[PDB]
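S.K.: So here's query16.cif (mmCIF, N, CA and C atoms).
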```
data_run
loop_
_atom_site.group_PDB
_atom_site.id
_atom_site.type_symbol
_atom_site.label_atom_id
_atom_site.label_comp_id
_atom_site.auth_asym_id
_atom_site.auth_seq_id
_atom_site.Cartn_x
_atom_site.Cartn_y
_atom_site.Cartn_z
ATOM 1 N N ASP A 12 -2.448 7.211 16.137
ATOM 2 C CA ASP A 12 -2.046 8.340 15.314
ATOM 3 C C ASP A 12 -0.820 7.963 14.503
ATOM 4 N N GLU A 13 0.247 8.748 14.647
ATOM 5 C CA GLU A 13 1.493 8.445 13.953
ATOM 6 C C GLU A 13 2.186 7.228 14.546
ATOM 7 N N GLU A 14 2.030 7.022 15.858
ATOM 8 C CA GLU A 14 2.558 5.824 16.495
ATOM 9 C C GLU A 14 1.941 4.569 15.903
ATOM 10 N N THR A 15 0.645 4.609 15.603
ATOM 11 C CA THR A 15 0.016 3.492 14.918
ATOM 12 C C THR A 15 0.553 3.327 13.504
ATOM 13 N N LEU A 16 1.008 4.410 12.874
ATOM 14 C CA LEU A 16 1.574 4.288 11.535
ATOM 15 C C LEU A 16 2.916 3.569 11.566
ATOM 16 N N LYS A 17 3.798 3.961 12.480
ATOM 17 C CA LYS A 17 5.062 3.245 12.590
ATOM 18 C C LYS A 17 4.869 1.852 13.166
ATOM 19 N N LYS A 18 3.846 1.657 13.991
ATOM 20 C CA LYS A 18 3.596 0.329 14.526
ATOM 21 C C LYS A 18 3.036 -0.602 13.466
ATOM 22 N N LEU A 19 2.202 -0.083 12.568
ATOM 23 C CA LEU A 19 1.781 -0.878 11.425
ATOM 24 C C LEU A 19 2.953 -1.147 10.509
ATOM 25 N N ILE A 20 3.904 -0.216 10.451
ATOM 26 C CA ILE A 20 5.144 -0.465 9.726
ATOM 27 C C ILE A 20 5.929 -1.596 10.389
ATOM 28 N N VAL A 21 5.855 -1.686 11.722
ATOM 29 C CA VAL A 21 6.627 -2.687 12.463
ATOM 30 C C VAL A 21 5.956 -4.057 12.424
ATOM 31 N N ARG A 22 4.626 -4.094 12.487
ATOM 32 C CA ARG A 22 3.907 -5.350 12.316
ATOM 33 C C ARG A 22 4.057 -5.850 10.890
ATOM 34 N N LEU A 23 3.786 -4.978 9.919
ATOM 35 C CA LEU A 23 4.006 -5.324 8.523
ATOM 36 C C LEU A 23 5.479 -5.390 8.156
ATOM 37 N N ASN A 24 6.387 -5.047 9.071
ATOM 38 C CA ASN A 24 7.784 -5.380 8.846
ATOM 39 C C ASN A 24 8.012 -6.879 8.821
ATOM 40 N N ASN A 25 7.153 -7.651 9.480
ATOM 41 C CA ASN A 25 7.237 -9.102 9.485
ATOM 42 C C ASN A 25 6.098 -9.671 8.653
ATOM 43 N N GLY A 29 -1.506 -13.302 6.109
ATOM 44 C CA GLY A 29 -2.058 -12.269 5.248
ATOM 45 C C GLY A 29 -3.414 -11.740 5.665
ATOM 46 N N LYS A 30 -4.190 -12.527 6.409
ATOM 47 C CA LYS A 30 -5.517 -12.084 6.815
ATOM 48 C C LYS A 30 -5.435 -10.900 7.768
ATOM 49 N N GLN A 31 -4.670 -11.041 8.849
ATOM 50 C CA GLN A 31 -4.452 -9.921 9.753
ATOM 51 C C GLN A 31 -3.630 -8.819 9.105
ATOM 52 N N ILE A 32 -2.791 -9.167 8.129
ATOM 53 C CA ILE A 32 -2.100 -8.156 7.338
ATOM 54 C C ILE A 32 -3.114 -7.307 6.584
ATOM 55 N N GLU A 33 -4.167 -7.947 6.072
ATOM 56 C CA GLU A 33 -5.237 -7.204 5.424
ATOM 57 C C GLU A 33 -5.954 -6.295 6.411
ATOM 58 N N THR A 34 -6.076 -6.721 7.669
ATOM 59 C CA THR A 34 -6.733 -5.879 8.665
ATOM 60 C C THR A 34 -5.878 -4.675 9.031
ATOM 61 N N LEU A 35 -4.571 -4.883 9.172
ATOM 62 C CA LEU A 35 -3.661 -3.772 9.419
ATOM 63 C C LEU A 35 -3.688 -2.791 8.257
ATOM 64 N N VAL A 36 -3.689 -3.315 7.031
ATOM 65 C CA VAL A 36 -3.790 -2.454 5.860
ATOM 66 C C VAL A 36 -5.159 -1.796 5.795
ATOM 67 N N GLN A 37 -6.183 -2.448 6.340
ATOM 68 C CA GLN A 37 -7.521 -1.877 6.310
ATOM 69 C C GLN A 37 -7.616 -0.670 7.223
ATOM 70 N N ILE A 38 -7.091 -0.792 8.441
ATOM 71 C CA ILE A 38 -7.048 0.353 9.343
ATOM 72 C C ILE A 38 -6.158 1.442 8.761
ATOM 73 N N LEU A 39 -5.119 1.041 8.024
ATOM 74 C CA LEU A 39 -4.305 2.015 7.308
ATOM 75 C C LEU A 39 -5.127 2.739 6.252
ATOM 76 N N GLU A 40 -6.002 2.009 5.561
ATOM 77 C CA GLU A 40 -6.873 2.636 4.577
ATOM 78 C C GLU A 40 -7.900 3.535 5.239
ATOM 79 N N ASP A 41 -8.316 3.190 6.458
ATOM 80 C CA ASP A 41 -9.259 4.025 7.195
ATOM 81 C C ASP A 41 -8.631 5.358 7.557
ATOM 82 N N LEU A 42 -7.375 5.334 7.998
ATOM 83 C CA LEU A 42 -6.657 6.588 8.179
ATOM 84 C C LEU A 42 -6.406 7.275 6.845
ATOM 85 N N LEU A 43 -6.277 6.497 5.769
ATOM 86 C CA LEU A 43 -5.998 7.071 4.457
ATOM 87 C C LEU A 43 -7.175 7.883 3.937
ATOM 88 N N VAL A 44 -8.383 7.314 3.979
ATOM 89 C CA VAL A 44 -9.555 7.999 3.445
ATOM 90 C C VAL A 44 -9.966 9.197 4.281
ATOM 91 N N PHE A 45 -9.415 9.339 5.483
ATOM 92 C CA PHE A 45 -9.624 10.545 6.267
ATOM 93 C C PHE A 45 -8.987 11.737 5.567
ATOM 94 N N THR A 46 -9.484 12.930 5.878
ATOM 95 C CA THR A 46 -9.074 14.156 5.204
ATOM 96 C C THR A 46 -8.501 15.170 6.185
ATOM 97 N N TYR A 47 -7.606 14.726 7.064
ATOM 98 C CA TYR A 47 -7.146 15.603 8.131
ATOM 99 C C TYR A 47 -6.165 16.645 7.614
ATOM 100 N N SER A 48 -4.995 16.211 7.172
ATOM 101 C CA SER A 48 -3.890 17.139 7.011
ATOM 102 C C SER A 48 -2.871 16.516 6.069
ATOM 103 N N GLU A 49 -1.664 17.077 6.050
ATOM 104 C CA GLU A 49 -0.517 16.408 5.444
ATOM 105 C C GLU A 49 0.008 15.415 6.473
ATOM 106 N N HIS A 50 -0.709 14.298 6.588
ATOM 107 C CA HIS A 50 -0.448 13.266 7.584
ATOM 108 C C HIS A 50 0.453 12.161 7.055
ATOM 109 N N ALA A 51 0.068 11.523 5.951
ATOM 110 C CA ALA A 51 0.876 10.462 5.354
ATOM 111 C C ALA A 51 2.032 11.056 4.543
ATOM 112 N N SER A 52 2.872 11.822 5.236
ATOM 113 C CA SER A 52 4.055 12.437 4.656
ATOM 114 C C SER A 52 5.321 11.655 4.968
ATOM 115 N N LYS A 53 5.189 10.473 5.572
ATOM 116 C CA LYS A 53 6.342 9.607 5.781
ATOM 117 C C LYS A 53 6.770 8.945 4.483
ATOM 118 N N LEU A 54 5.811 8.371 3.757
ATOM 119 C CA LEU A 54 5.985 7.725 2.460
ATOM 120 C C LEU A 54 6.931 6.535 2.502
ATOM 121 N N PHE A 55 7.260 6.029 3.695
ATOM 122 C CA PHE A 55 8.052 4.808 3.786
ATOM 123 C C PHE A 55 7.299 3.642 3.169
ATOM 124 N N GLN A 56 6.183 3.259 3.768
ATOM 125 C CA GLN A 56 5.188 2.577 2.971
ATOM 126 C C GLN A 56 4.606 3.576 1.983
ATOM 127 N N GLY A 57 4.257 3.082 0.811
ATOM 128 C CA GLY A 57 3.912 3.976 -0.265
ATOM 129 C C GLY A 57 5.077 4.050 -1.219
ATOM 130 N N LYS A 58 6.270 3.815 -0.695
ATOM 131 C CA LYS A 58 7.447 3.657 -1.533
ATOM 132 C C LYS A 58 8.264 2.412 -1.224
ATOM 133 N N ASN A 59 8.456 2.068 0.046
ATOM 134 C CA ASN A 59 9.388 1.010 0.404
ATOM 135 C C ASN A 59 8.793 -0.089 1.263
ATOM 136 N N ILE A 60 7.914 0.229 2.207
ATOM 137 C CA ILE A 60 7.365 -0.776 3.102
ATOM 138 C C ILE A 60 6.114 -1.412 2.521
ATOM 139 N N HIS A 61 5.335 -0.633 1.782
ATOM 140 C CA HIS A 61 4.121 -1.157 1.184
ATOM 141 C C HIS A 61 4.421 -2.158 0.084
ATOM 142 N N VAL A 62 5.523 -1.954 -0.630
ATOM 143 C CA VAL A 62 5.788 -2.734 -1.842
ATOM 144 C C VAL A 62 6.039 -4.223 -1.595
ATOM 145 N N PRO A 63 6.874 -4.647 -0.625
ATOM 146 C CA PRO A 63 7.130 -6.094 -0.529
ATOM 147 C C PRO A 63 5.911 -6.876 -0.111
ATOM 148 N N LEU A 64 5.165 -6.369 0.868
ATOM 149 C CA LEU A 64 3.869 -6.952 1.184
ATOM 150 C C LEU A 64 2.920 -6.856 -0.001
ATOM 151 N N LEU A 65 3.090 -5.838 -0.844
ATOM 152 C CA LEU A 65 2.276 -5.757 -2.046
ATOM 153 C C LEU A 65 2.639 -6.849 -3.043
ATOM 154 N N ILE A 66 3.868 -7.350 -3.014
ATOM 155 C CA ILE A 66 4.285 -8.373 -3.965
ATOM 156 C C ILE A 66 4.448 -9.738 -3.304
ATOM 157 N N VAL A 67 5.067 -9.801 -2.128
ATOM 158 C CA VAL A 67 5.247 -11.097 -1.486
ATOM 159 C C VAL A 67 3.956 -11.535 -0.821
ATOM 160 N N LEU A 68 3.413 -10.686 0.055
ATOM 161 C CA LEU A 68 2.172 -11.022 0.737
ATOM 162 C C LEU A 68 0.981 -11.013 -0.210
ATOM 163 N N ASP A 69 1.140 -10.481 -1.421
ATOM 164 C CA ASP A 69 0.171 -10.697 -2.490
ATOM 165 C C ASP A 69 0.928 -11.334 -3.648
ATOM 166 N N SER A 70 1.123 -12.648 -3.556
ATOM 167 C CA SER A 70 1.661 -13.441 -4.652
ATOM 168 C C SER A 70 0.529 -14.063 -5.458
ATOM 169 N N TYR A 71 -0.293 -14.873 -4.806
ATOM 170 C CA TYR A 71 -1.613 -15.207 -5.310
ATOM 171 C C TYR A 71 -2.703 -14.402 -4.625
ATOM 172 N N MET A 72 -2.507 -14.076 -3.348
ATOM 173 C CA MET A 72 -3.391 -13.220 -2.549
ATOM 174 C C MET A 72 -4.837 -13.699 -2.516
ATOM 175 N N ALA A 75 -6.664 -11.769 -4.270
ATOM 176 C CA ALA A 75 -6.570 -10.372 -3.872
ATOM 177 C C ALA A 75 -7.144 -10.182 -2.484
ATOM 178 N N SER A 76 -6.762 -11.068 -1.564
ATOM 179 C CA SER A 76 -7.122 -10.876 -0.165
ATOM 180 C C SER A 76 -6.528 -9.581 0.364
ATOM 181 N N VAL A 77 -5.289 -9.297 -0.020
ATOM 182 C CA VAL A 77 -4.661 -8.026 0.273
ATOM 183 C C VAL A 77 -4.405 -7.211 -0.985
ATOM 184 N N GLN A 78 -4.231 -7.863 -2.140
ATOM 185 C CA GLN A 78 -3.898 -7.147 -3.365
ATOM 186 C C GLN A 78 -4.994 -6.171 -3.752
ATOM 187 N N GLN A 79 -6.254 -6.538 -3.513
ATOM 188 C CA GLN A 79 -7.364 -5.617 -3.730
ATOM 189 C C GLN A 79 -7.233 -4.395 -2.832
ATOM 190 N N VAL A 80 -7.238 -4.609 -1.518
ATOM 191 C CA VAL A 80 -7.197 -3.476 -0.609
ATOM 192 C C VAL A 80 -5.837 -2.800 -0.674
ATOM 193 N N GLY A 81 -4.795 -3.555 -1.022
ATOM 194 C CA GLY A 81 -3.469 -2.969 -1.123
ATOM 195 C C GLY A 81 -3.339 -2.002 -2.283
ATOM 196 N N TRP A 82 -3.707 -2.442 -3.487
ATOM 197 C CA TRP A 82 -3.626 -1.543 -4.630
ATOM 198 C C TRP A 82 -4.646 -0.421 -4.520
ATOM 199 N N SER A 83 -5.762 -0.669 -3.836
ATOM 200 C CA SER A 83 -6.707 0.402 -3.545
ATOM 201 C C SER A 83 -6.069 1.458 -2.665
ATOM 202 N N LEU A 84 -5.473 1.020 -1.556
ATOM 203 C CA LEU A 84 -4.741 1.924 -0.685
ATOM 204 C C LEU A 84 -3.600 2.588 -1.435
ATOM 205 N N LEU A 85 -2.993 1.861 -2.373
ATOM 206 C CA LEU A 85 -1.905 2.402 -3.174
ATOM 207 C C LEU A 85 -2.372 3.582 -4.012
ATOM 208 N N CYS A 86 -3.510 3.431 -4.688
ATOM 209 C CA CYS A 86 -4.024 4.522 -5.506
ATOM 210 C C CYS A 86 -4.516 5.661 -4.638
ATOM 211 N N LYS A 87 -5.180 5.334 -3.529
ATOM 212 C CA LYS A 87 -5.603 6.360 -2.590
ATOM 213 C C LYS A 87 -4.419 7.098 -1.997
ATOM 214 N N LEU A 88 -3.274 6.433 -1.886
ATOM 215 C CA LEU A 88 -2.062 7.041 -1.368
ATOM 216 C C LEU A 88 -1.368 7.891 -2.417
ATOM 217 N N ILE A 89 -1.384 7.441 -3.673
ATOM 218 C CA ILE A 89 -0.881 8.257 -4.768
ATOM 219 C C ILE A 89 -1.733 9.500 -4.949
ATOM 220 N N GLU A 90 -3.021 9.412 -4.634
ATOM 221 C CA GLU A 90 -3.856 10.602 -4.635
ATOM 222 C C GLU A 90 -3.586 11.458 -3.408
ATOM 223 N N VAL A 91 -3.329 10.825 -2.268
ATOM 224 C CA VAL A 91 -3.178 11.573 -1.026
ATOM 225 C C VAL A 91 -1.812 12.236 -0.960
ATOM 226 N N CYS A 92 -0.761 11.436 -0.955
ATOM 227 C CA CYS A 92 0.574 11.970 -0.744
ATOM 228 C C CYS A 92 1.081 12.648 -2.006
ATOM 229 N N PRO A 93 1.417 13.937 -1.965
ATOM 230 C CA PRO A 93 1.985 14.578 -3.160
ATOM 231 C C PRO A 93 3.351 14.036 -3.511
ATOM 232 N N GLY A 94 4.146 13.679 -2.506
ATOM 233 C CA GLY A 94 5.440 13.088 -2.755
ATOM 234 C C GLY A 94 5.400 11.623 -3.120
ATOM 235 N N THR A 95 4.211 11.014 -3.172
ATOM 236 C CA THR A 95 4.123 9.609 -3.559
ATOM 237 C C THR A 95 4.546 9.412 -5.007
ATOM 238 N N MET A 96 4.139 10.322 -5.891
ATOM 239 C CA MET A 96 4.581 10.236 -7.276
ATOM 240 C C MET A 96 6.066 10.534 -7.389
ATOM 241 N N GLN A 97 6.558 11.488 -6.594
ATOM 242 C CA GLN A 97 7.983 11.802 -6.607
ATOM 243 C C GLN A 97 8.804 10.625 -6.105
ATOM 244 N N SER A 98 8.269 9.878 -5.142
ATOM 245 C CA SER A 98 8.914 8.646 -4.715
ATOM 246 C C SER A 98 8.714 7.546 -5.746
ATOM 247 N N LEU A 99 7.695 7.688 -6.595
ATOM 248 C CA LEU A 99 7.476 6.705 -7.649
ATOM 249 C C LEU A 99 8.283 7.043 -8.895
ATOM 250 N N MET A 100 8.304 8.318 -9.288
ATOM 251 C CA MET A 100 9.007 8.745 -10.498
ATOM 252 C C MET A 100 10.513 8.737 -10.231
ATOM 253 N N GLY A 101 11.089 7.546 -10.331
ATOM 254 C CA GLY A 101 12.510 7.374 -10.104
ATOM 255 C C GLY A 101 12.828 6.358 -9.026
ATOM 256 N N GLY A 113 10.390 -2.737 -8.113
ATOM 257 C CA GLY A 113 9.833 -1.736 -9.002
ATOM 258 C C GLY A 113 8.322 -1.791 -9.091
ATOM 259 N N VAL A 114 7.682 -0.628 -8.935
ATOM 260 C CA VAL A 114 6.226 -0.548 -9.003
ATOM 261 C C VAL A 114 5.725 -0.906 -10.394
ATOM 262 N N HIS A 115 6.455 -0.500 -11.434
ATOM 263 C CA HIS A 115 6.024 -0.769 -12.796
ATOM 264 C C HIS A 115 6.055 -2.259 -13.097
ATOM 265 N N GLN A 116 7.050 -2.973 -12.576
ATOM 266 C CA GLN A 116 7.037 -4.422 -12.702
ATOM 267 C C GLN A 116 5.964 -5.053 -11.832
ATOM 268 N N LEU A 117 5.588 -4.392 -10.739
ATOM 269 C CA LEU A 117 4.671 -4.986 -9.777
ATOM 270 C C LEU A 117 3.237 -4.968 -10.281
ATOM 271 N N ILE A 118 2.831 -3.862 -10.907
ATOM 272 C CA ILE A 118 1.441 -3.717 -11.322
ATOM 273 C C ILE A 118 1.099 -4.712 -12.418
ATOM 274 N N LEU A 119 2.032 -4.969 -13.332
ATOM 275 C CA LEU A 119 1.782 -5.960 -14.366
ATOM 276 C C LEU A 119 1.695 -7.350 -13.769
ATOM 277 N N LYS A 120 2.488 -7.614 -12.729
ATOM 278 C CA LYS A 120 2.394 -8.891 -12.036
ATOM 279 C C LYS A 120 1.014 -9.071 -11.431
ATOM 280 N N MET A 121 0.502 -8.023 -10.791
ATOM 281 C CA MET A 121 -0.825 -8.099 -10.199
ATOM 282 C C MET A 121 -1.902 -8.241 -11.261
ATOM 283 N N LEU A 122 -1.710 -7.619 -12.422
ATOM 284 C CA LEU A 122 -2.702 -7.750 -13.480
ATOM 285 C C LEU A 122 -2.644 -9.123 -14.125
ATOM 286 N N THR A 123 -1.440 -9.611 -14.403
ATOM 287 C CA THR A 123 -1.295 -10.883 -15.090
ATOM 288 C C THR A 123 -1.754 -12.036 -14.215
ATOM 289 N N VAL A 124 -1.458 -11.976 -12.917
ATOM 290 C CA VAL A 124 -1.851 -13.069 -12.038
ATOM 291 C C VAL A 124 -3.350 -13.047 -11.774
ATOM 292 N N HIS A 125 -4.038 -11.983 -12.173
ATOM 293 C CA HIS A 125 -5.471 -11.851 -11.945
ATOM 294 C C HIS A 125 -6.132 -11.473 -13.262
ATOM 295 N N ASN A 126 -6.467 -12.484 -14.054
ATOM 296 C CA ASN A 126 -7.135 -12.230 -15.321
ATOM 297 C C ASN A 126 -8.627 -11.995 -15.125
ATOM 298 N N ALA A 127 -9.245 -12.725 -14.201
ATOM 299 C CA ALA A 127 -10.695 -12.688 -14.015
ATOM 300 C C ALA A 127 -11.100 -11.994 -12.723
#
```
Translate the structure described by the file into structure tokens.
M.R.:
Amino acid sequence: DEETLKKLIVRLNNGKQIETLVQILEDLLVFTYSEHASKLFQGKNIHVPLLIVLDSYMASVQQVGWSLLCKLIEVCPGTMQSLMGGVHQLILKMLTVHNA
């Protein structure tokens, strides 16, 4: 539950198994329970470095990561508020490093 969310934060605090942790995170993401992902630590701060460092050349994680990112921007209402005010530098990096 939420313990798995902070534990995934703790595992991802330190790429293949990272993709699996993010995958189970996406499995909780696509669920439609409640206002569950209201922590927004990842989604604003924890998701980003693995989104850029652990996806440098990657889309082993960059695919599922940016997918989870968009699903999270759709899910969490405060995700945009945590965004509106760097993700903008990050998305161009992911696009430029992946032309094909």
S.K.: Name the closest residue to residue A:24 among the candidates A:113, A:63, A:57, A:93; distances are taken between atoms, counting only C-alpha atoms.
M.R.: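 Answer, going by the shortest atom-to-atom distance: A:63.
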S.K.: Please provide the set of residues having any atom within 8 Å of residue A:117, restricted to all atoms listed in the file, with same-chain residues fewer than 4 positions apart removed, written as a VMD selection string.
M.R.: chain A and resid 65 to 66 113 121 to 123
S.K.: Now that the selection is made, can you save its residues with N, CA and C atoms as a short mmCIF file (atom, residue, chain, number, x, y, z; two decimals), keeping the file's coordinate frame?
M.R.:
```cif
data_model
loop_
_atom_site.label_atom_id
_atom_site.label_comp_id
_atom_site.auth_asym_id
_atom_site.auth_seq_id
_atom_site.Cartn_x
_atom_site.Cartn_y
_atom_site.Cartn_z
N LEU A 65 3.09 -5.84 -0.84
CA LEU A 65 2.28 -5.76 -2.05
C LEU A 65 2.64 -6.85 -3.04
N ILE A 66 3.87 -7.35 -3.01
CA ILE A 66 4.28 -8.37 -3.96
C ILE A 66 4.45 -9.74 -3.30
N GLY A 113 10.39 -2.74 -8.11
CA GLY A 113 9.83 -1.74 -9.00
C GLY A 113 8.32 -1.79 -9.09
N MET A 121 0.50 -8.02 -10.79
CA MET A 121 -0.82 -8.10 -10.20
C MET A 121 -1.90 -8.24 -11.26
N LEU A 122 -1.71 -7.62 -12.42
CA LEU A 122 -2.70 -7.75 -13.48
C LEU A 122 -2.64 -9.12 -14.12
N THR A 123 -1.44 -9.61 -14.40
CA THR A 123 -1.30 -10.88 -15.09
C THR A 123 -1.75 -12.04 -14.22
#
```
S.K.: I'd like the contact shell of residue A:36 - 8 Å cut-off, only N, CA and C atoms, skipping same-chain residues fewer than 4 positions apart - returned as an mmCIF file with N, CA and C atoms, in the frame of the given file.
M.R.:
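Contents of part16.cif, freshly written:
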```cif
data_model
loop_
_atom_site.group_PDB
_atom_site.id
_atom_site.type_symbol
_atom_site.label_atom_id
_atom_site.label_comp_id
_atom_site.auth_asym_id
_atom_site.auth_seq_id
_atom_site.Cartn_x
_atom_site.Cartn_y
_atom_site.Cartn_z
ATOM 1 N N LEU A 19 2.202 -0.083 12.568
ATOM 2 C CA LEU A 19 1.781 -0.878 11.425
ATOM 3 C C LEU A 19 2.953 -1.147 10.509
ATOM 4 N N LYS A 30 -4.190 -12.527 6.409
ATOM 5 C CA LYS A 30 -5.517 -12.084 6.815
ATOM 6 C C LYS A 30 -5.435 -10.900 7.768
ATOM 7 N N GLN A 31 -4.670 -11.041 8.849
ATOM 8 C CA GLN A 31 -4.452 -9.921 9.753
ATOM 9 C C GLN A 31 -3.630 -8.819 9.105
ATOM 10 N N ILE A 32 -2.791 -9.167 8.129
ATOM 11 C CA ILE A 32 -2.100 -8.156 7.338
ATOM 12 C C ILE A 32 -3.114 -7.307 6.584
ATOM 13 N N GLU A 40 -6.002 2.009 5.561
ATOM 14 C CA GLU A 40 -6.873 2.636 4.577
ATOM 15 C C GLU A 40 -7.900 3.535 5.239
ATOM 16 N N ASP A 41 -8.316 3.190 6.458
ATOM 17 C CA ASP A 41 -9.259 4.025 7.195
ATOM 18 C C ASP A 41 -8.631 5.358 7.557
ATOM 19 N N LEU A 42 -7.375 5.334 7.998
ATOM 20 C CA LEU A 42 -6.657 6.588 8.179
ATOM 21 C C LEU A 42 -6.406 7.275 6.845
ATOM 22 N N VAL A 77 -5.289 -9.297 -0.020
ATOM 23 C CA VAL A 77 -4.661 -8.026 0.273
ATOM 24 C C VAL A 77 -4.405 -7.211 -0.985
ATOM 25 N N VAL A 80 -7.238 -4.609 -1.518
ATOM 26 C CA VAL A 80 -7.197 -3.476 -0.609
ATOM 27 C C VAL A 80 -5.837 -2.800 -0.674
ATOM 28 N N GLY A 81 -4.795 -3.555 -1.022
ATOM 29 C CA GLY A 81 -3.469 -2.969 -1.123
ATOM 30 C C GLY A 81 -3.339 -2.002 -2.283
ATOM 31 N N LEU A 84 -5.473 1.020 -1.556
ATOM 32 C CA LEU A 84 -4.741 1.924 -0.685
ATOM 33 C C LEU A 84 -3.600 2.588 -1.435
#
```
S.K.: As an exercise, work out the distance from atom N of residue A:90 to atom C of residue A:43 in Å and give it to one decimal place.
M.R.: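 Computing it gives 9.6 Å between the two atoms.
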S.K.: I'd like the interatomic distance between atom CA of residue A:52 and atom CA of residue A:38, to a tenth of an Å.
M.R.: 17.1 Å
S.K.: As an exercise, work out the distance from atom C of residue A:98 to atom CA of residue A:58 in Å and give it to one decimal place.
M.R.: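 Here the two named atoms are 5.9 Å from each other.
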S.K.: When distances are computed from only N, CA and C atoms, which of A:75, A:55, A:91, A:97 shows the smallest separation from residue A:125?
M.R.: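 Going through A:75, A:55, A:91, A:97 one by one, the smallest distance to residue A:125 is for A:75.
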S.K.: Nearest residue to residue A:39 out of A:89, A:21, A:114, A:16, using only N, CA and C atoms?
M.R.: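 Among the listed residues, A:16 lies closest to residue A:39.
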S.K.: Please, what is the axis-aligned box for every listed atom of stretch 98-126 of chain A with 3 Å on each side, as centre and edge lengths in Å to one decimal, as lines of an AutoDock Vina configuration file?
M.R.:
```
center_x = 2.1
center_y = -1.6
center_z = -10.0
size_x = 27.5
size_y = 28.9
size_z = 16.6
```
S.K.: Considering only C-alpha atoms, return as a VMD selection string whatever protein or nucleic-acid residues lie within 10 Å of residue A:56, sequence-local ones (same chain, fewer than 2 positions apart) excluded.
M.R.: chain A and resid 16 to 17 19 to 20 23 51 53 to 54 58 to 64 85 88 95
S.K.: Take stretch 47-58 of chain A, model N, CA, C and O atoms, and hand the result over as a PDB file, in the coordinates of the input.
M.R.:
```pdb
ATOM      1  N   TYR A  47      -7.606  14.726   7.064  1.00  0.00           N
ATOM      2  CA  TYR A  47      -7.146  15.603   8.131  1.00  0.00           C
ATOM      3  C   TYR A  47      -6.165  16.645   7.614  1.00  0.00           C
ATOM      4  O   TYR A  47      -6.473  17.840   7.579  1.00  0.00           O
ATOM      5  N   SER A  48      -4.995  16.211   7.172  1.00  0.00           N
ATOM      6  CA  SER A  48      -3.890  17.139   7.011  1.00  0.00           C
ATOM      7  C   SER A  48      -2.871  16.516   6.069  1.00  0.00           C
ATOM      8  O   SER A  48      -3.176  15.561   5.348  1.00  0.00           O
ATOM      9  N   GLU A  49      -1.664  17.077   6.050  1.00  0.00           N
ATOM     10  CA  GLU A  49      -0.517  16.408   5.444  1.00  0.00           C
ATOM     11  C   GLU A  49       0.008  15.415   6.473  1.00  0.00           C
ATOM     12  O   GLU A  49       1.007  15.639   7.161  1.00  0.00           O
ATOM     13  N   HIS A  50      -0.709  14.298   6.588  1.00  0.00           N
ATOM     14  CA  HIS A  50      -0.448  13.266   7.584  1.00  0.00           C
ATOM     15  C   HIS A  50       0.453  12.161   7.055  1.00  0.00           C
ATOM     16  O   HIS A  50       1.507  11.891   7.636  1.00  0.00           O
ATOM     17  N   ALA A  51       0.068  11.523   5.951  1.00  0.00           N
ATOM     18  CA  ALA A  51       0.876  10.462   5.354  1.00  0.00           C
ATOM     19  C   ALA A  51       2.032  11.056   4.543  1.00  0.00           C
ATOM     20  O   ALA A  51       2.176  10.835   3.341  1.00  0.00           O
ATOM     21  N   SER A  52       2.872  11.822   5.236  1.00  0.00           N
ATOM     22  CA  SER A  52       4.055  12.437   4.656  1.00  0.00           C
ATOM     23  C   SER A  52       5.321  11.655   4.968  1.00  0.00           C
ATOM     24  O   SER A  52       6.422  12.126   4.668  1.00  0.00           O
ATOM     25  N   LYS A  53       5.189  10.473   5.572  1.00  0.00           N
ATOM     26  CA  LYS A  53       6.342   9.607   5.781  1.00  0.00           C
ATOM     27  C   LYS A  53       6.770   8.945   4.483  1.00  0.00           C
ATOM     28  O   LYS A  53       7.961   8.933   4.153  1.00  0.00           O
ATOM     29  N   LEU A  54       5.811   8.371   3.757  1.00  0.00           N
ATOM     30  CA  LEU A  54       5.985   7.725   2.460  1.00  0.00           C
ATOM     31  C   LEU A  54       6.931   6.535   2.502  1.00  0.00           C
ATOM     32  O   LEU A  54       7.376   6.076   1.445  1.00  0.00           O
ATOM     33  N   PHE A  55       7.260   6.029   3.695  1.00  0.00           N
ATOM     34  CA  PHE A  55       8.052   4.808   3.786  1.00  0.00           C
ATOM     35  C   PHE A  55       7.299   3.642   3.169  1.00  0.00           C
ATOM     36  O   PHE A  55       7.694   3.116   2.125  1.00  0.00           O
ATOM     37  N   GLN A  56       6.183   3.259   3.768  1.00  0.00           N
ATOM     38  CA  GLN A  56       5.188   2.577   2.971  1.00  0.00           C
ATOM     39  C   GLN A  56       4.606   3.576   1.983  1.00  0.00           C
ATOM     40  O   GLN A  56       4.488   4.771   2.262  1.00  0.00           O
ATOM     41  N   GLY A  57       4.257   3.082   0.811  1.00  0.00           N
ATOM     42  CA  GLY A  57       3.912   3.976  -0.265  1.00  0.00           C
ATOM     43  C   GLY A  57       5.077   4.050  -1.219  1.00  0.00           C
ATOM     44  O   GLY A  57       4.907   4.320  -2.410  1.00  0.00           O
ATOM     45  N   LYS A  58       6.270   3.815  -0.695  1.00  0.00           N
ATOM     46  CA  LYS A  58       7.447   3.657  -1.533  1.00  0.00           C
ATOM     47  C   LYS A  58       8.264   2.412  -1.224  1.00  0.00           C
ATOM     48  O   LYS A  58       8.719   1.748  -2.159  1.00  0.00           O
TER      49      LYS A  58
END
```
